[PDB]
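S.K.: Protein chains in written order, with this note's numbering: chain S, 308 to 544; chain R, 308 to 544; chain C, 7 to 16; chain G, 7 to 16.
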Ligand SMILES: C=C1/C(=C\C=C2/CCC[C@@]3(C)[C@H]2CCCC[C@H]3[C@H](C)CCCC(C)(C)O)C[C@@H](O)C[C@@H]1O
Ligand SMILES: C=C1/C(=C\C=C2/CCC[C@@]3(C)[C@H]2CCCC[C@H]3[C@H](C)CCCC(C)(C)O)C[C@@H](O)C[C@@H]1O
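The following block contains the structure:
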């Protein structure tokens, strides 16, 4: 059975996600529109930038995160931002399409759109393969949410200073995830292992994005297209 | 009569403006849309940012500008950017409306929209009064264009280093404007004086904008809404 | 440094 | 410093 402390951790992590994820994708009409040079870059920079704001709103609601120093919070968010975005994006990924389907014709992001944002196939190949592995896991919301907070709370990040305290938080959260799968997910004998496997996947995709963003933000006609949030989260300072 | 050298200066300055100003305002569907907190700030930051790109394309076509050092070009553009924008915006200003009418309902920028971008009435009052004084001057295109290049080429800018050389360019251009009015504008006995008067106006509006932008870019939830171009042109570095 | 990220974190 | 403005000016 689950303890009070562990269902409370699940309760507020599910509500935080409900408060920071919109299944209708309505706010997307406020972005710069898509175009199909790097035609998709403005719309996708806006999208990522909006998502960064939602991830921050999630993290401030993970128990224990708010009490870290501001440095460690920044350090955790900069390193883990893109991964939490790849995880959250799974809710929009459809296997029938192999596209993120955030609406009708315009907000259905195919693979040819990711390239039009300046990313080569070295990112796209393991990314979609990650997205169909995550999709086949048929995660409950409690696990999707828990996995996000576990990813965010890795001490394996550059800049983290109190890796001992954040390691304690990350372990309080794996206990919840393991307990939750064991007692509330039938047929999930293998699931925790596969889920942790996916964190190693993300670190690999993270490196590949950073290599391609670094090359992008060094060409001023492209960094021109980024938002300030994006530049601040993905730069080195 | 006008000299060859002076009609050449007029010829390429009119073409430069035709190459950097779109009377249809079609590119405005690529901005972040307007909303009517500071609801209008994203759409107007995009607008200003796009306009900065057009002013740069104009300046690179003013004769003599391309041969200044890159420092003096940056120095001239940073100081004079907002003024060239206030001047170019006159083409969209209508006295029947007192709004910039860049399209239908959405791109008709009233005065209540400028405030929704975070500007107080201390900027708006002399700004529209400037816009109706410029509008009543019924300038020919040769003068509107010439006035812009004269504004851009003021040595009275912070950062300019070769104020002697750019002063020579600005004077080559006032000779063209004076000659042009004298020989090609009937009933313009007073016009050059009034036009130069308007440059003093702009310096006053420039100061008022800078005071209000400075206060805006020091609140990170608002600078968040600016584009990188805007931040780079209007910051101090 | 990181003016925005500090702001968004209250 | 001024990476973009330098770029836009060729
Ligand atoms: C962001 C979300 C959703 C989709 C996420 C996608 C699909 C579109 C592509 C991106 C954005 C991808 C998320 C991560 C993979 C690659 C993305 C770009 C190519 C990276 C550009 C970033 C840059 C320009 C700064 O280097 C929709 C909804 O599920 C909400 C969720 O938060
Ligand atoms: C820009 C142009 C046109 C209109 C120009 C206008 C009317 C709308 C308001 C602004 C943009 C004004 C130009 C200058 C006065 C005030 C403007 C904002 C309030 C300043 C915000 C800048 C910030 C946020 C960085 O501090 C339309 C067409 O004529 C093309 C032309 O280039």
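Idealized CB from N, CA, C, for every residue including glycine.
Under 7 Å: does the beta carbon of residue 426 (chain R) sit that close to some heavy atom of ligand 2?
M.R.: Numbered from 1 along the second chain, position 119 holds the residue referred to as residue 426 (chain R). Yes - ligand 2 has a heavy atom lying nearer than 7 Å to the Cβ of residue 426 (chain R).
S.K.: If you check the beta carbons only, do residue 464 (chain S) and residue 543 (chain S) fall under 8 Å apart?
M.R.: The residue given as residue 464 (chain S) occupies position 157 in the first chain. The residue given as residue 543 (chain S) occupies position 236 in the first chain. Contact flag unset, no.
S.K.: So, with DSSP's three-state summary, where would you put residue 442 (chain S)?
M.R.: Residue mapping note: residue 442 (chain S) aligns to position 135 of the first chain, counting from 1. It is helical.
S.K.: Specify the secondary structure class of residue 415 (chain S) as computed by DSSP and reduced to three states.
M.R.: As a position in the first chain, residue 415 (chain S) is number 108, starting the count at 1. Residue 415 (chain S): strand per DSSP, three-state reduction.
S.K.: Is there a C-beta anywhere in chain G that falls below 8 Å from the one on residue 377 (chain R)?
M.R.: Numbered from 1 along the second chain, position 70 holds the residue referred to as residue 377 (chain R). By this cut-off, residue 377 (chain R) is an interface position.
S.K.: If residue 348 (chain S) and residue 532 (chain S) are in contact, beta carbons under 8 Å, what's the gap, nearest whole angstrom?
M.R.: Within the first chain, the letter at position 41 stands for residue 348 (chain S). Within the first chain, the letter at position 225 stands for residue 532 (chain S). The pair is a contact, with the Cβ atoms about 5 Å apart (cut-off 8 Å).
S.K.: Ordered along the chain, which non-local residues of its own chain (more than five positions away) have a Cβ less than 8 Å from that of residue 322 (chain R)?
M.R.: Residue numbering aside, residue 322 (chain R) sits at position 15 when the second chain is read from its first letter. For residue 322 (chain R), where only same-chain residues beyond five positions count, the Cβ hits under 8 Å are 368.
S.K.: Among residues of its own chain, excluding the 5 on either side of residue 424 (chain S), which ones have a beta-carbon nearer than 7 Å to its beta-carbon?
M.R.: Mapped onto the first chain, residue 424 (chain S) falls at position 117. If we look at residue 424 (chain S) and ignore the five residues flanking it on each side, its Cβ neighbours are 345, 347, 348 and 351.
S.K.: Consider the Cβ of residue 248 (chain S): report whether some Cβ of chain R lies at a distance smaller than 8 Å.
M.R.: Because chain S here runs from 308 to 544, residue 248 (chain S) falls outside it and cannot be looked at.
S.K.: Chain C beta carbons: is any one of them nearer than 8 Å to that of residue 367 (chain S)?
M.R.: By one-based count along the first chain, residue 367 (chain S) stands at place 60. Taking Cβ atoms only, chain C reaches closer than 8 Å to residue 367 (chain S), which makes this a yes.
S.K.: Assuming contact is defined by CB atoms lying nearer than 8 Å, are residue 527 (chain R) and residue 9 (chain C) in contact in what I supplied?
M.R.: Residue mapping note: residue 527 (chain R) aligns to position 220 of the second chain, counting from 1. Residue mapping note: residue 9 (chain C) aligns to position 3 of the third chain, counting from 1. Yes. Within cutoff.
S.K.: Out of R:452, R:535, R:331 and R:392, state which residue places its alpha-carbon closest to the alpha-carbon of residue 509 (chain R).
M.R.: For the purposes of this step, residue 509 (chain R) is taken as the residue at position 202 of the second chain. It is R:392 whose Cα lies nearest to the Cα of residue 509 (chain R).
S.K.: Taking 8 Å as the threshold (beta carbon to beta carbon), is residue 528 (chain S) in contact with chain G?
M.R.: If you number the first chain from 1, residue 528 (chain S) lands on position 221. Answer yes: the Cβ-Cβ gap between residue 528 (chain S) and chain G drops below 8 Å somewhere.
S.K.: Counting contacts by CB-CB distance shorter than 8 Å, is residue 380 (chain R) in contact with chain G?
M.R.: Residue 380 (chain R) sits at position 73 when you count from the first residue of the second chain. Yes, residue 380 (chain R) lies at the interface with chain G (some Cβ there is under 8 Å from its Cβ).
S.K.: Assuming the contact rule is C-beta atoms closer than 8 Å, residue 335 (chain R) and residue 414 (chain R) should be a hit. Round their C-beta distance to whole Å, please.
M.R.: Against the second chain, residue 335 (chain R) aligns to sequence position 28. Against the second chain, residue 414 (chain R) aligns to sequence position 107. Sure, about 5 Å apart at Cβ, within 8 Å.
S.K.: Would you check if the distance between the CB atom of residue 370 (chain S) and the CB atom of residue 317 (chain S) is smaller than 8 Å?
M.R.: To locate residue 370 (chain S), count along the first chain from 1; it is residue 63. To locate residue 317 (chain S), count along the first chain from 1; it is residue 10. It is not a contact, given that the beta carbons lie outside the stated cut-off.
S.K.: With a CB to CB cut of under 8 Å and the five nearest residues on each side skipped, what residues in its chain are close to residue 482 (chain S)?
M.R.: For the purposes of this step, residue 482 (chain S) is identified with residue 175 of the first chain, where counting begins at 1. Once the five neighbours on either side are set aside, the close Cβ partners of residue 482 (chain S) are 313.
S.K.: Given this structure, state the Cα-to-Cα distance separating residue 372 (chain R) from residue 12 (chain G), to the nearest angstrom.
M.R.: Your numbering for residue 372 (chain R) matches position 65 in the second chain. Your numbering for residue 12 (chain G) matches position 6 in the fourth chain. Roughly 14 Å separates the two Cα atoms.
S.K.: May I ask whether a heavy atom of ligand 1 can be found less than 7 Å away from the beta carbon of residue 395 (chain S)?
M.R.: For the purposes of this step, residue 395 (chain S) is taken as the residue at position 88 of the first chain. It does: the Cβ of residue 395 (chain S) is within 7 Å (strictly closer) of some heavy atom of ligand 1.
S.K.: Compute the minimum distance between the beta carbon of residue 399 (chain R) and the heavy atoms of ligand 2, and state whether it is under 7 Å.
M.R.: Counting from one through the second chain, the residue named residue 399 (chain R) turns up at place 92. Within the cutoff, so yes.
S.K.: For ligand 1, I want to know if residue 333 (chain S) counts as a neighbour, meaning its beta carbon is within less than 7 Å of at least one of the ligand's heavy atoms.
M.R.: As a first step, residue 333 (chain S) must be located in the first chain, where it is residue number 26. Answer for residue 333 (chain S): no, Cβ out of range of ligand 1.
S.K.: Which two residues bound the contiguous beta strand (DSSP E) that contains residue 408 (chain S)?
M.R.: Taking the first residue of the first chain as position 1, residue 408 (chain S) is located at position 101. Looking at the DSSP string, the run of the beta strand (DSSP E) that includes residue 408 (chain S) is 406 to 408.
S.K.: On the three-state DSSP scale, how would you describe residue 399 (chain R)?
M.R.: Working through the second chain from its first residue, we reach residue 399 (chain R) at position 92. DSSP places residue 399 (chain R) in helix when its eight states are reduced to three.
S.K.: Could you pull the start and end residues of the alpha helix (DSSP H) that residue 424 (chain R) belongs to?
M.R.: Numbered from 1 along the second chain, position 117 holds the residue referred to as residue 424 (chain R). Counting along the chain, residue 424 (chain R) falls outside any alpha helix (DSSP H), and DSSP gives it neither H nor E.
S.K.: I need the DSSP call for residue 544 (chain S), collapsed to helix, strand or coil.
M.R.: Translated into the one-based positions of the first chain, residue 544 (chain S) becomes position 237. Three-state result, residue 544 (chain S): coil.
S.K.: Quick check: what's the CA-CA separation for residue 432 (chain S) versus residue 441 (chain S)?
M.R.: To locate residue 432 (chain S), count along the first chain from 1; it is residue 125. To locate residue 441 (chain S), count along the first chain from 1; it is residue 134. Rounded to whole angstroms, residue 432 (chain S) to residue 441 (chain S) spans 14 Å at the Cα level.
S.K.: Would you check whether ligand 1 has a heavy atom nearer than 7 Å to the C-beta of residue 392 (chain S)?
M.R.: As a position in the first chain, residue 392 (chain S) is number 85, starting the count at 1. The answer is yes for residue 392 (chain S).
S.K.: With C-beta atoms as the reference, is residue 459 (chain R) less than 8 Å away from residue 487 (chain R)?
M.R.: By 1-based counting over the second chain, the position of residue 459 (chain R) is 152. By 1-based counting over the second chain, the position of residue 487 (chain R) is 180. Result no, Cβ atoms of residue 459 (chain R) and residue 487 (chain R) do not sit closer than 8 Å.
S.K.: I'd like to know whether the C-beta atoms of residue 435 (chain S) and residue 455 (chain S) end up nearer to each other than 8 Å.
M.R.: Working through the first chain from its first residue, we reach residue 435 (chain S) at position 128. Working through the first chain from its first residue, we reach residue 455 (chain S) at position 148. The answer is no: Cβ separation not under 8 Å.
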